[PDB]
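Q: Dropping in data_0.cif, which is mmCIF, C-alpha atoms (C1' of nucleotides):
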```cif
data_work
loop_
_atom_site.group_PDB
_atom_site.id
_atom_site.type_symbol
_atom_site.label_atom_id
_atom_site.label_comp_id
_atom_site.auth_asym_id
_atom_site.auth_seq_id
_atom_site.Cartn_x
_atom_site.Cartn_y
_atom_site.Cartn_z
ATOM 1 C CA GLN A 151 -20.758 217.201 75.545
ATOM 2 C CA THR A 152 -23.360 218.178 78.147
ATOM 3 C CA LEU A 153 -24.888 221.318 79.625
ATOM 4 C CA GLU A 154 -23.228 220.659 82.989
ATOM 5 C CA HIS A 155 -19.911 220.309 81.158
ATOM 6 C CA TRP A 156 -20.507 223.682 79.496
ATOM 7 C CA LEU A 157 -21.422 225.344 82.795
ATOM 8 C CA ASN A 158 -18.310 223.986 84.515
ATOM 9 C CA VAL A 159 -16.153 225.148 81.602
ATOM 10 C CA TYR A 160 -17.729 228.605 81.767
ATOM 11 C CA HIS A 161 -17.145 228.748 85.520
ATOM 12 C CA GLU A 162 -13.491 228.051 84.734
ATOM 13 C CA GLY A 163 -13.403 230.844 82.138
ATOM 14 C CA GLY A 164 -15.428 233.042 79.802
ATOM 15 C CA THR A 165 -16.132 232.816 76.078
ATOM 16 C CA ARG A 166 -12.489 232.410 75.037
ATOM 17 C CA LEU A 167 -12.266 229.120 76.932
ATOM 18 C CA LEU A 168 -15.334 227.776 75.130
ATOM 19 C CA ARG A 169 -13.888 228.881 71.788
ATOM 20 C CA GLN A 170 -10.681 226.992 72.600
ATOM 21 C CA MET A 171 -12.767 223.967 73.597
ATOM 22 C CA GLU A 172 -14.431 224.232 70.187
ATOM 23 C CA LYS A 173 -11.068 223.663 68.502
ATOM 24 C CA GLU A 174 -10.126 220.953 71.003
ATOM 25 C CA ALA A 175 -13.315 218.878 70.812
ATOM 26 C CA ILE A 176 -14.769 217.033 67.824
ATOM 27 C CA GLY A 177 -18.426 217.121 66.831
ATOM 28 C CA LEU A 178 -19.058 220.509 68.449
ATOM 29 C CA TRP A 179 -19.983 223.945 67.129
ATOM 30 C CA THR A 180 -20.650 227.369 68.624
ATOM 31 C CA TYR A 181 -21.931 230.651 67.229
ATOM 32 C CA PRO A 182 -21.746 234.103 68.879
ATOM 33 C CA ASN A 183 -24.999 235.157 67.174
ATOM 34 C CA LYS A 184 -28.228 233.283 66.586
ATOM 35 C CA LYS A 185 -28.281 233.642 62.792
ATOM 36 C CA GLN A 186 -25.389 231.306 61.977
ATOM 37 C CA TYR A 187 -26.715 228.813 64.533
ATOM 38 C CA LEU A 188 -30.146 228.866 62.890
ATOM 39 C CA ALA A 189 -28.470 228.335 59.520
ATOM 40 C CA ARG A 190 -26.737 225.304 61.030
ATOM 41 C CA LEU A 191 -30.089 224.004 62.264
ATOM 42 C CA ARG A 192 -31.558 224.496 58.786
ATOM 43 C CA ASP A 193 -28.756 222.655 57.002
ATOM 44 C CA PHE A 194 -28.892 219.894 59.624
ATOM 45 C CA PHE A 195 -32.642 219.204 59.510
ATOM 46 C CA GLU A 196 -33.016 220.119 55.805
ATOM 47 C CA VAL A 197 -35.960 222.512 56.188
ATOM 48 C CA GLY A 198 -36.691 226.047 55.090
ATOM 49 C CA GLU A 199 -36.478 228.700 57.775
ATOM 50 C CA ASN A 200 -40.269 229.037 57.913
ATOM 51 C "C1'" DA B 1 -8.233 222.053 38.592
ATOM 52 C "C1'" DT B 2 -6.447 227.676 40.571
ATOM 53 C "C1'" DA B 3 -7.688 231.226 42.887
ATOM 54 C "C1'" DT B 4 -11.406 234.482 43.225
ATOM 55 C "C1'" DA B 5 -15.071 237.094 45.177
ATOM 56 C "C1'" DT B 6 -18.060 236.895 49.359
ATOM 57 C "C1'" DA B 7 -19.599 236.638 54.320
ATOM 58 C "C1'" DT B 8 -18.227 236.099 59.036
ATOM 59 C "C1'" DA B 9 -15.723 237.175 62.937
ATOM 60 C "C1'" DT B 10 -11.856 239.442 64.947
ATOM 61 C "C1'" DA B 11 -8.868 243.283 65.894
ATOM 62 C "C1'" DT B 12 -7.651 247.895 65.499
ATOM 63 C "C1'" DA B 13 -8.400 252.716 64.526
ATOM 64 C "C1'" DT B 14 -11.145 256.728 65.321
ATOM 65 C "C1'" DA B 15 -14.427 259.741 67.659
ATOM 66 C "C1'" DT B 16 -17.108 261.450 72.042
ATOM 67 C "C1'" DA B 17 -17.417 262.694 76.800
ATOM 68 C "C1'" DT B 18 -15.328 263.824 81.324
ATOM 69 C "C1'" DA B 19 -11.515 264.442 84.997
ATOM 70 C "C1'" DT B 20 -7.298 266.258 86.064
ATOM 71 C "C1'" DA B 21 -2.861 269.098 85.684
ATOM 72 C "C1'" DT B 22 -0.323 272.630 83.556
ATOM 73 C "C1'" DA B 23 0.568 276.926 80.690
ATOM 74 C "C1'" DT B 24 -0.523 281.495 79.246
ATOM 75 C "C1'" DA B 25 -2.134 286.068 79.996
ATOM 76 C "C1'" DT B 26 -3.477 289.988 82.957
ATOM 77 C "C1'" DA B 27 -3.260 292.870 86.915
ATOM 78 C "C1'" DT B 28 -1.521 294.401 91.563
ATOM 79 C "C1'" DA B 29 2.218 295.170 95.072
ATOM 80 C "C1'" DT B 30 6.959 295.386 96.345
ATOM 81 C "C1'" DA B 31 11.976 296.495 96.004
ATOM 82 C "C1'" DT B 32 15.758 298.680 93.625
ATOM 83 C "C1'" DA B 33 18.105 302.385 91.291
ATOM 84 C "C1'" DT B 34 18.296 306.837 89.688
ATOM 85 C "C1'" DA B 35 17.537 311.602 89.782
ATOM 86 C "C1'" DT B 36 16.749 315.665 91.871
ATOM 87 C "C1'" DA B 37 16.732 318.728 95.542
ATOM 88 C "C1'" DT B 38 18.251 320.474 100.222
ATOM 89 C "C1'" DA B 39 21.546 321.611 103.387
ATOM 90 C "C1'" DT B 40 26.038 322.104 105.058
ATOM 91 C "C1'" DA B 41 30.974 322.556 104.953
ATOM 92 C "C1'" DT B 42 35.174 322.461 102.651
ATOM 93 C "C1'" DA B 43 38.206 323.767 99.241
ATOM 94 C "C1'" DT B 44 39.903 326.971 95.674
ATOM 95 C "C1'" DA B 45 40.705 331.201 93.577
ATOM 96 C "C1'" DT B 46 41.222 336.393 93.739
ATOM 97 C "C1'" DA B 47 41.857 341.235 95.869
ATOM 98 C "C1'" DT B 48 44.288 344.309 99.358
ATOM 99 C "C1'" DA B 49 47.580 345.209 102.878
ATOM 100 C "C1'" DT B 50 51.590 344.101 105.625
ATOM 101 C "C1'" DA B 51 56.182 342.160 106.567
ATOM 102 C "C1'" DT B 52 60.262 339.665 105.218
ATOM 103 C "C1'" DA B 53 64.086 338.387 102.231
ATOM 104 C "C1'" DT B 54 66.655 339.250 98.137
ATOM 105 C "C1'" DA B 55 68.813 342.069 94.531
ATOM 106 C "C1'" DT B 56 71.113 346.033 92.962
ATOM 107 C "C1'" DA B 57 73.401 350.699 93.639
ATOM 108 C "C1'" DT B 58 76.540 354.254 96.151
ATOM 109 C "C1'" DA B 59 79.713 355.186 99.597
ATOM 110 C "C1'" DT B 60 83.088 353.479 102.524
#
```
Spit out the file's structure as structure tokens when you get a sec.
A:
Amino acid sequence: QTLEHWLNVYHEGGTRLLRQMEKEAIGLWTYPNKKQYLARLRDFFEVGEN
DNA sequence: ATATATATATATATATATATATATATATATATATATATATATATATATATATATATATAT
């Protein structure tokens, strides 16, 4: 999964396409707002938000 | 070992603002019908006088 891949996918279609790709592809995650993504970063790197 | 109570995200329901078409209400102008009035002539009825036909009486 790469940034160019994401840009090409987006050029094909909007958010819904990326959400479908999320189901299709393994080892990938997306979040429509920054809070859940930051929670994912926290639980991945095992560090308090500060 | 089982669902339960919670957060997240999605989808739908509800409200606001504006554009557009239609309905309701009011007022004016026009046409139709009715009513009266005017004006004229006709038609009807009644009064008086005249002339005709009919009915009744006397003589023939």
Q: Using CA of residue 181 in chain A and CA of residue 169 in chain A as the two end points, give the distance in Å to one decimal.
A: 9.4 Å
Q: Could you give me, as a tab-separated table (two decimals) with C-alpha atoms, in the coordinates of the input, the residues within 12 Å of residue 198 in chain A, counting all atoms listed in the file and dropping anything in the same chain fewer than 5 positions from it?
A:
```
chain	number	residue	atom	x	y	z
A	188	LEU	CA	-30.15	228.87	62.89
A	189	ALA	CA	-28.47	228.34	59.52
A	190	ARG	CA	-26.74	225.30	61.03
A	191	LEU	CA	-30.09	224.00	62.26
A	192	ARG	CA	-31.56	224.50	58.79
A	193	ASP	CA	-28.76	222.66	57.00
```
Q: Quick one: residues within 12 Å of residue 160 in chain A, all atoms listed in the file, excluding same-chain residues fewer than 6 positions away - as a compact mmCIF listing (two decimals) with C-alpha atoms, keeping the file's coordinate frame?
A:
```
# COMPACT_ATOMS: atom_id res chain seq x y z
CA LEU A 153 -24.89 221.32 79.62
CA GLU A 154 -23.23 220.66 82.99
CA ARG A 166 -12.49 232.41 75.04
CA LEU A 167 -12.27 229.12 76.93
CA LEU A 168 -15.33 227.78 75.13
CA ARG A 169 -13.89 228.88 71.79
CA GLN A 170 -10.68 226.99 72.60
CA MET A 171 -12.77 223.97 73.60
```
Q: Once the PyMOL selection byres ((chain A) within 12 of (chain B)) has been evaluated on this model, what residues remain selected, and can you format them as an MDAnalysis selection string?
A: chainID A and resid 181:183 185:186
Q: Would you put the residues from that selection into a file with C-alpha atoms, as a PDB file, in the coordinates of the input?
A:
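After the write, part-v6.pdb holds the following:
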```
ATOM      1  CA  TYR A 181     -21.931 230.651  67.229  1.00  0.00           C
ATOM      2  CA  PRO A 182     -21.746 234.103  68.879  1.00  0.00           C
ATOM      3  CA  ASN A 183     -24.999 235.157  67.174  1.00  0.00           C
ATOM      4  CA  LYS A 185     -28.281 233.642  62.792  1.00  0.00           C
ATOM      5  CA  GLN A 186     -25.389 231.306  61.977  1.00  0.00           C
TER       6      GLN A 186
END
```
Q: Could you tell me how far CA of residue 177 in chain A lies from CA of residue 159 in chain A, in Å and to one decimal?
A: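 These two atoms are separated by 17.0 Å.
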Q: For residue 199 in chain A, which of A:152, A:164, A:187, A:158 is the closest residue, counting only C-alpha atoms?
A: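 When distances to residue 199 in chain A are compared using only C-alpha atoms, the smallest one comes from A:187.
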Q: Interatomic distance between CA of residue 156 in chain A and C1' of residue 11 in chain B?
A: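 CA of residue 156 in chain A sits 26.5 Å away from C1' of residue 11 in chain B.
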Q: Box for range 189-193 of chain A: with edges along x, y and z, all listed atoms inside and 3 Å added on each side, what are the centre and edge lengths in Å to one decimal, as JSON?
A:
```
{"center_x": -29.1, "center_y": 225.5, "center_z": 59.6, "size_x": 10.8, "size_y": 11.7, "size_z": 11.3}
```
Q: Can we get range 167-191 of chain A of that structure written down with N, CA and C atoms, as a PDB file, in the first residue's frame?
A:
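Final output, decode.pdb:
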```pdb
ATOM      1  N   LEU A 167     -14.888   4.404  -2.470  1.00  0.00           N
ATOM      2  CA  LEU A 167     -13.960   3.445  -3.059  1.00  0.00           C
ATOM      3  C   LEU A 167     -12.863   3.066  -2.074  1.00  0.00           C
ATOM      4  N   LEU A 168     -12.323   4.045  -1.349  1.00  0.00           N
ATOM      5  CA  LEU A 168     -11.281   3.745  -0.375  1.00  0.00           C
ATOM      6  C   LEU A 168     -11.830   2.910   0.776  1.00  0.00           C
ATOM      7  N   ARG A 169     -13.069   3.173   1.191  1.00  0.00           N
ATOM      8  CA  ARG A 169     -13.686   2.344   2.220  1.00  0.00           C
ATOM      9  C   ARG A 169     -13.861   0.907   1.745  1.00  0.00           C
ATOM     10  N   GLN A 170     -14.260   0.714   0.488  1.00  0.00           N
ATOM     11  CA  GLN A 170     -14.342  -0.638  -0.059  1.00  0.00           C
ATOM     12  C   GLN A 170     -12.962  -1.289  -0.098  1.00  0.00           C
ATOM     13  N   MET A 171     -11.949  -0.528  -0.516  1.00  0.00           N
ATOM     14  CA  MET A 171     -10.586  -1.045  -0.532  1.00  0.00           C
ATOM     15  C   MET A 171     -10.150  -1.453   0.868  1.00  0.00           C
ATOM     16  N   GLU A 172     -10.640  -0.750   1.888  1.00  0.00           N
ATOM     17  CA  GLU A 172     -10.310  -1.119   3.260  1.00  0.00           C
ATOM     18  C   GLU A 172     -10.787  -2.527   3.583  1.00  0.00           C
ATOM     19  N   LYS A 173     -12.013  -2.867   3.188  1.00  0.00           N
ATOM     20  CA  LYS A 173     -12.493  -4.234   3.358  1.00  0.00           C
ATOM     21  C   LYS A 173     -11.681  -5.204   2.509  1.00  0.00           C
ATOM     22  N   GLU A 174     -11.380  -4.817   1.267  1.00  0.00           N
ATOM     23  CA  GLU A 174     -10.711  -5.735   0.347  1.00  0.00           C
ATOM     24  C   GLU A 174      -9.305  -6.090   0.818  1.00  0.00           C
ATOM     25  N   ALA A 175      -8.551  -5.109   1.301  1.00  0.00           N
ATOM     26  CA  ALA A 175      -7.120  -5.254   1.522  1.00  0.00           C
ATOM     27  C   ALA A 175      -6.823  -5.548   2.987  1.00  0.00           C
ATOM     28  N   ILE A 176      -5.814  -6.383   3.215  1.00  0.00           N
ATOM     29  CA  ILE A 176      -5.397  -6.749   4.563  1.00  0.00           C
ATOM     30  C   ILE A 176      -4.329  -5.777   5.044  1.00  0.00           C
ATOM     31  N   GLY A 177      -4.204  -5.655   6.361  1.00  0.00           N
ATOM     32  CA  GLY A 177      -3.190  -4.795   6.944  1.00  0.00           C
ATOM     33  C   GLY A 177      -3.353  -3.333   6.590  1.00  0.00           C
ATOM     34  N   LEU A 178      -4.591  -2.853   6.513  1.00  0.00           N
ATOM     35  CA  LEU A 178      -4.871  -1.463   6.190  1.00  0.00           C
ATOM     36  C   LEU A 178      -5.988  -0.958   7.088  1.00  0.00           C
ATOM     37  N   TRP A 179      -5.952   0.337   7.385  1.00  0.00           N
ATOM     38  CA  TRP A 179      -6.955   0.973   8.222  1.00  0.00           C
ATOM     39  C   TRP A 179      -7.134   2.412   7.762  1.00  0.00           C
ATOM     40  N   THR A 180      -8.352   2.922   7.924  1.00  0.00           N
ATOM     41  CA  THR A 180      -8.662   4.305   7.598  1.00  0.00           C
ATOM     42  C   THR A 180      -9.615   4.851   8.649  1.00  0.00           C
ATOM     43  N   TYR A 181      -9.620   6.177   8.795  1.00  0.00           N
ATOM     44  CA  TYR A 181     -10.411   6.828   9.821  1.00  0.00           C
ATOM     45  C   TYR A 181     -10.886   8.174   9.284  1.00  0.00           C
ATOM     46  N   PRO A 182     -12.198   8.434   9.266  1.00  0.00           N
ATOM     47  CA  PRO A 182     -12.682   9.709   8.718  1.00  0.00           C
ATOM     48  C   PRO A 182     -12.405  10.910   9.604  1.00  0.00           C
ATOM     49  N   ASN A 183     -11.950  10.707  10.839  1.00  0.00           N
ATOM     50  CA  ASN A 183     -11.572  11.808  11.712  1.00  0.00           C
ATOM     51  C   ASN A 183     -10.278  11.455  12.428  1.00  0.00           C
ATOM     52  N   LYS A 184      -9.538  12.494  12.814  1.00  0.00           N
ATOM     53  CA  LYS A 184      -8.173  12.301  13.289  1.00  0.00           C
ATOM     54  C   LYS A 184      -8.116  11.607  14.644  1.00  0.00           C
ATOM     55  N   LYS A 185      -9.198  11.642  15.423  1.00  0.00           N
ATOM     56  CA  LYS A 185      -9.123  11.147  16.795  1.00  0.00           C
ATOM     57  C   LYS A 185      -8.915   9.636  16.831  1.00  0.00           C
ATOM     58  N   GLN A 186      -9.717   8.890  16.071  1.00  0.00           N
ATOM     59  CA  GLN A 186      -9.560   7.439  16.055  1.00  0.00           C
ATOM     60  C   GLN A 186      -8.198   7.049  15.496  1.00  0.00           C
ATOM     61  N   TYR A 187      -7.724   7.778  14.482  1.00  0.00           N
ATOM     62  CA  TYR A 187      -6.396   7.515  13.936  1.00  0.00           C
ATOM     63  C   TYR A 187      -5.312   7.739  14.984  1.00  0.00           C
ATOM     64  N   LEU A 188      -5.426   8.811  15.767  1.00  0.00           N
ATOM     65  CA  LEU A 188      -4.439   9.059  16.811  1.00  0.00           C
ATOM     66  C   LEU A 188      -4.511   7.990  17.893  1.00  0.00           C
ATOM     67  N   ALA A 189      -5.714   7.500  18.189  1.00  0.00           N
ATOM     68  CA  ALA A 189      -5.837   6.381  19.117  1.00  0.00           C
ATOM     69  C   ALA A 189      -5.130   5.147  18.571  1.00  0.00           C
ATOM     70  N   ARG A 190      -5.261   4.905  17.266  1.00  0.00           N
ATOM     71  CA  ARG A 190      -4.550   3.794  16.644  1.00  0.00           C
ATOM     72  C   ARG A 190      -3.044   3.974  16.773  1.00  0.00           C
ATOM     73  N   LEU A 191      -2.554   5.190  16.539  1.00  0.00           N
ATOM     74  CA  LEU A 191      -1.127   5.446  16.698  1.00  0.00           C
ATOM     75  C   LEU A 191      -0.684   5.180  18.131  1.00  0.00           C
TER      76      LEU A 191
END
```
